[PDB]
DNA sequence: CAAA
DNA sequence: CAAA
DNA sequence: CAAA
DNA sequence: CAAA
C-alpha cells in the first residue's frame, strides 16, 4: 500500500550496449 | 501586478462631517 | 465526533487458528 | 522536466535603442 | 561588441513521430549565441485517462552557411559587396508547406536554402538509421504533403524490432578453397578481413565513426555535419479531468501538459550560419500484440533456452520475422537480431483487452502493418498509428507554447548609426 | 490601455522572404550597416498575405537586431487565440497608419461573448486630497 | 488476485438461525466444545436464501469464535455495492466447491461498464539480473 | 451556436452496407417473419438500402425485418442498440418500426418465427400514411440466452393494413461499443 | 427561461447561397441521380433555395440531391455534417431526406451513380404528404477514399411515388469545423 | 420530476404585441414578399396574432413574412434569433416556416424583394395539411451589411400550393440578448 | 440506459382534477372566448379530462380555453408554466394549442374577451387532422398587472375550420413553483 | 458627533 | 532615452 | 559510446 | 502456522 496519487508510467529504461545499427540514430 | 485571487469591492469609505440631515439616520 | 473525511472500510481482520482446510489455501 | 503548472506566456522583451519614430509613442 | 535581444515566443504543434523545427535564428561569424527556451508542451485532448508519458526530445544545432551554399558561399563571402546573390529554393504554393523548417511559406513561395538544406543535413546525420536511404530532396517542393508540413519521420524508440542489425548484415562469410586443400594462413586473413567488414557494418558506417575508430578525430567541416550544440529531453505528464454530469460521471479525459526548460550554454559562432532548434515527441512502442520471442518459437532448442555462453558468443546473427514477435506480425518483414538477444531484454506487456480500446497511445496494430513488407517503413514512426487516441487533432497530435530567450553579443552598429548619415 | 502582443501565424523572418539574398543582407558587414540609407520594404516582405501597398522604411540589417515571434500556421483559423490571424491592416487598405493602430475587431474572433466588450475591470480608487476647504457646517451655517 | 470480502445482506448469525436453541449451542460450555464431533450444517442455516443442498462441516461453537459482517437488507437490491446480494453459490447448484470459489459474475452488478473487465492495473516492473552473458558486440562480432 | 455532438444513433461509416431489391413479403406474428438479409451485416453496425416492391402475397397485415449479428465479445451484460430508419412507401399503409432481438443457431437467418422475437419500442420521428422515420436506440442483453445460438438485432417494420407498392429508403442499425471520434472545433 | 444554445445544425450565415429554379428530374438508384448544383457550394456550408417544378420525365419513384464539396484540410479522420431542410411540395408524394457522401474527380458534379452514393439517415422533423422537414447531422469520414477525387456531401430527397408539381423551400447543409460564436447574455 | 428550464425560444412577455387581420397575399420569390407588419415590432421580440384570410389574388404558390427590427447595440458579431409559430389553416396547403433576415433603409417595410431575403431553416414541430408548428432558433449576424439600412428578422411562411381560406394562430420571434429570469424552486 | 428525469411539464399528481362534459362552443378572438371551467382549478396545477361534443353554434373558426388561477405568493417576477395536452377530435379540424395568460376580478371566469388574452406559443408534439398533442412550457409574469384582478393561465385550443363532433383527451397545466421529488435509483 |  |  |  |  503506497499513499501517493496515481502517476502515469514513463520510459522503459542499465548495462552495456544492445543496439548496433551502423552509427548514431536518435 | 498583484498575486492575490480577485476580491469583490467593499465600501466607498476620512475628514470632518458631510451629511447634515437633522439628527441620526442609519 | 471525528474530524476526518470518510474512508472506505477495509478487512474484517487476532488469537489462535480457526480455519483448518487440509493445508495452505490463499 | 520542470514541475510547475503551465503558465501563459508574457512579453516578448535588452541592449540599445531600436525604434526611432520621431518622439515618444506609448 | 553589444547585446542583441532576440528573445521571442513561439506557438507550435505537430504529429507524433515527425521531427519539427521550432525556432531558427541566423547568426554571423563572431556572434556569441546563448539560448534559454522555457515553456510547456501538451497533446491534443485524449479519449480516456492518461496511460503513459511521451518522451520529448529538443535539439539545437549550428549549421555554417558554407555547409549549405558550398563553394558558392565562399565566393559570396569573398567577393563581398559584389558576390552573386545567393539563390533561394522552392516550396509548394501552400502556406503550411514550409512547416518542417519552422516558417510559413513566404509570399513568393520560396524560402532560403540554408533552412531546407540544414533540415536535411540534420536529419541525415542524426535521425535516420545509418543504413536507410540518405534523404536527398532538392527543394522544399519535392517534399510530400505530410513531410513538408510536419517534418520527416524518425525512428521508434529502440527495442528488439525497431533497432535491429542493419538489414545487409553478413550471415555467413564464404572463403575460396582449392579442391582438396585450404590455406590456413589465408583462412586467417579471411577472418581478419571479415572483422574489418563487420566493425563497419555494425557501427562504422559513417566516415567520422571510422576515423574515430583509429583513435583520431574529425572537424564537423570534414563530413559537413550539423553541429549538435545542445540536446535535452523529458517525459510529458499531466492529469485527468473527471466527468461530472449524469452520463459523463465516472469518465475521465487525460490532459497531458508538461512544463520544461531547454537551455543552451553560451556558444561561439565561428562562421555565418543558422542555429536551428527542433523537437520530437514519441510514445514508447507498446503493443498488446507483441509477445516474448521465446513464447513464439515452436520448437524450443537448447541454443535458444539454455543461454549457453559458449554459443551466444560465436553464432552468427539470427534472421527472424515480425511474425515471430507479434500475433499479426507481418512475415515479410525480416530483421537480423543478435543471438539470445531475448535474454538481454524483456518486452512491455499489454493485456489484449486494450486491443480495441480507443484512447491509449499503444500500437494496437503490429508495427508497420499497413506500410507493407518494408522494414524501414515499419521502423519509422507512423503518426497515423495514433489518430485513434485523440479526441480531436485541432492542433495536430501535440502542440507547445514557449518563450525563447536569446542573447547574442555581436559586432553591430546601433540603429541610430544605421539611420544617421552624418 | 490593454493590448495583446502582435503575434501572427502569417509573419515570417524578413530574410526568409527576400528572394535574392545579397551580401548586404546576410553578411551583416558593419562597414555597411552603418553607412547605408534606410530601406523601403512592404508588408508583403513580412507577411504571406502582407499588403504590398503598405511601404515602411526600416533601418538596414534591422532583421539582425531582432527576432520575430512564431506561430505555426495551424493556429491560423483557430478561433480563440488573441493572435493576428490576418496580416496587420489587411482590412483597412494600403494605409500605414491604419495598419499600425490597433484594430480591436482583429480580436472579436477570440471572445465567446463581448457582453462587457473585450475587457473590463473593477477597482477601488482611494483618493486623499488636502485642500483649503471650509467644513460643510461652515457652508450650511450662515451665522 | 483481487477479491472483495464476502459481505452479504442475506447472511445472519448462526444462532439467530437455529430454531431449537440447545444448551450445547448457547451455553458455550468448554467441557463440551472440546469433545464433540464436528457439526454438519447447510447454507440454509447461514443465509435466508441459503441453498440447503450445500452441507458444510464446521467446528462446534465456532459461531462463538467469530462474528459475521452485517448489511441491512435494504442494500439487497441496490446496484453498486460489491456485496453478495445473493447467497453464495446460489446459481452454481448444490455444489460446495462452486460456492466457495469466487464467481466473478457476482460482481457484474456493481460496475458501470467492464470495458476493462472488473479491475485493471498499470505498473512498471524494474528488473535487474546479474548473469553470465556475452555482450551483444561479442554476439555479432565473429573475429 | 454550439454544435450538438450527442445522438441516439450513429450510422455506420464506410462499412457494412447491403442493397436489397425485389419483393418484400410482410408476415403476421403467427407465422415466420421475413428477414430480408441473406448477406446479413456482421460488424454489428448495419446499413441497408431499400428499393423494392412491398408485395402482399401472404397476409394484408404483417411485418418484415432487417437484422445484424450481435458482437458478443464485450463482458458487459448488455449494451445499447440504435437504429435510424427512413422509409417512404407508395401504398398508404401507415408503417411502424421498432427494435428487435432474436437468436438462431443459423448464421444467415432468412426468416424468424414471431413467437421467437423480442420487441423494443422506439420514438418514431414520423409515422405518416406513406413514410415512417425514426432515430433512436434501446438497451438489449447481448449474450445468447440459449447456449449455442447467435444473437440478432435489428429494426422491424409493421403495418395494420399493408398495400402493394414500391418502398424506398434506408434501414440503419448499430450496437454501440464504439463512439465515432469527431472534429469538435473548440477542443 | 434559459435560452438553448446547442443545435444539430447551424445554417451558414451570409455566404454560400445559390438559388435553383427549373425542372428537377428525380431518378432511381439504378441510374444516375440528379445533383441540382452547377455552381456547387464550396466553403462546405451550403444553403440552397428551391423554387422549381418537380417533373417526372423519367421514373415515378426516385430521388434528387443537393451537395457541397467537403473541406479536407482537417487532419481529423472525420467530422460532423449537419443538414436542415424544409420542403413543401404541391403534389402529395410523401418526401424523405437524409445525408449522403460521394466522391468524384469532377469539380462540379451534375449527377452521380446510385451505386456510388453512401447513405446516412437522419431524424425527419416531419414527413407529411407534401412537406418534409429535418434538422440533424451525422458522422462522416472526410477524407477521399480513392487517391484523387474530391469528397461530396449533402442531403438527398427521395419518394416512393413522386407527383409532377412545384416544390419550394430551403436545403441547408454544413461541415462542422467551426461553431458560430453567439451573444449569450449571461457571460 | 425535474422541470426543464432551457428552451429554443422564449416568447416575449407583456410587450411587443400586434394583432393582424385582413387579407394575406402570399407571393413568389420572383416578386416582392408581403411583410404583414405596418406597426412592426421594435424591442426585437415580437408576438403577432393571426386571424385573417389567406387570399390568392396573386400566385397560388408563395410565402408571407412576419418581421421585427434587430437591435444592433450589441458589439457581438451575431446573436441567436428564436421563433415559435402555431398556424392552423382552413385550406389544406401544407404550410412551412423558417427564419429570415433582410435589410432596408425603410423603418416600416411593407414588402421585401425575394432576391433580398436570407433563409435559415428550422426544425418544424409539425407540417400537416392545415397546421405548421415550430419552436426553434438560428444564428444570425446582427449588423447591417450595407452602411445605412436597418436589419430585419422574422419567420417566413411558404407553401407549394396555397388555398384561399382563414388562417389563425400566433407568430412569435425574439433576438436573444436577454434570458428571462424564472422561479426555480430548488435555488 | 440512464433514465431521463427532466421534463418540460409535470402533470399534477393526486389533486386538482375536474371532468368536463357537454357542449364546447368555440369562439373567435373578436368575441368572448369560452373558458370551460366553472370549478376552475386552484393549486395552479390543473388536469382537465375532456369527453364532450365540439359544437359550432357560433362561428366555424374559433378557440376554447382551459384555465387555472395563478398563485401569486412568489416574490419572483415570473415563473414557468407548463402544459401537456392530448386531444383527439372526431371532426377533422386540425386543432392547435398554446399557453395563455389573462386577468379578471372574477374568481371563476366563464369566458374572456379575445382582446384581453395573451399568447405564448409552444412546440406542438403533433397537429394532425384529428389530434393535437403537446408537452411544453413558457415564461409568464405571475403578478397582476392591474391592481385588483386575479391572474389566469392555461392552454387555449384553436382551429381555422372546426367541425361538429365529439372530442376526448386531457388538458394538463401547471405553474412550476415545485419540482416533484422522485426515486432516482442511483442516489 | 454641532468636525459647536 | 539622441543608447547624442 | 567499438560497453573496442 | 499442528495456535502440535
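Tabulated data
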read-out	value
Global geometry of region J:93-187, whether rounded, prolate or oblate, following the gyration tensor of its Cα atoms and the 1.5 cut on a/c	oblate
Relative contact order computed over chain F (Cα-Cα under 8 Å; 6+ residues apart), in percent	25 percent
Using a 7 Å Cα-to-Cβ projection, residue H:60 label spacings across copies, nm, ascending	2.1, 3.4, 3.4
Reference-scaled alpha-carbon Rg (2.2 N^0.38 Å with N residues) for chain H	1.02
Rounded if a/c under 1.5, otherwise prolate or oblate - chain E, Cα gyration tensor axes	oblate
Theoretical ellipticity at 222 nm over the protein assembly as shown - DSSP helices of four or more residues, -39500 (n - 2.57) apiece, nearest 500	-2000 deg cm²/dmol
E:43, E:325 arranged by Cβ crowding within 10 Å, fewest neighbours leading	E:325, E:43
Residue with peak Gaussian network fluctuation, chain J [Cα springs, cutoff 10 Å], from J:121, J:77, J:95	J:77
Cα gyration tensor of the protein assembly as shown - equivalent ellipsoid semi-axes, whole Å, descending	62, 51, 38
At 7 Å out from Cα toward Cβ: residue J:15 inter-copy label distances (nm, ascending)	3.7, 3.7, 6.0
For chain H: relative contact order, % (alpha-carbon pairs under 8 angstrom, 6 or more apart)	33 percent
Region J:94-164: relative contact order as a whole-number percent, Cα under 8 Å and 6+ apart	48 percent
Average beta-carbon neighbours from other chains, 10 Å sphere, peptide E:279-287	1
Exercise: per-residue mean of other protein chain Cβ atoms within 10 Å, I:113-120	4
Gyration tensor verdict on chain G (Cα atoms; rounded if a/c is under 1.5, prolate if a/b is larger than b/c, oblate otherwise)	prolate
Proxy reagent accessibility, fewest Cβ within 10 Å first, across I:140, D:21	D:21, I:140
Across the identical copies, how the residue H:176 labels are spaced - nm, sorted shortest first, 7 Å along Cα→Cβ	1.5, 2.4, 2.4
Residue exposure sequence - J:123, E:168, H:179, I:118 - by fewest surrounding Cβ within 10 Å	E:168, H:179, I:118, J:123
Shielding score for E:77-89, defined as the mean number of other chain Cβ atoms within 10 Å	4
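Please note: Cβ atoms are built from the backbone with ideal geometry, for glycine as well, and neighbour counts cover all protein chains shown. Any read-out appearing in this document is the output of simple, stated calculations on the displayed coordinates, not a laboratory observation.
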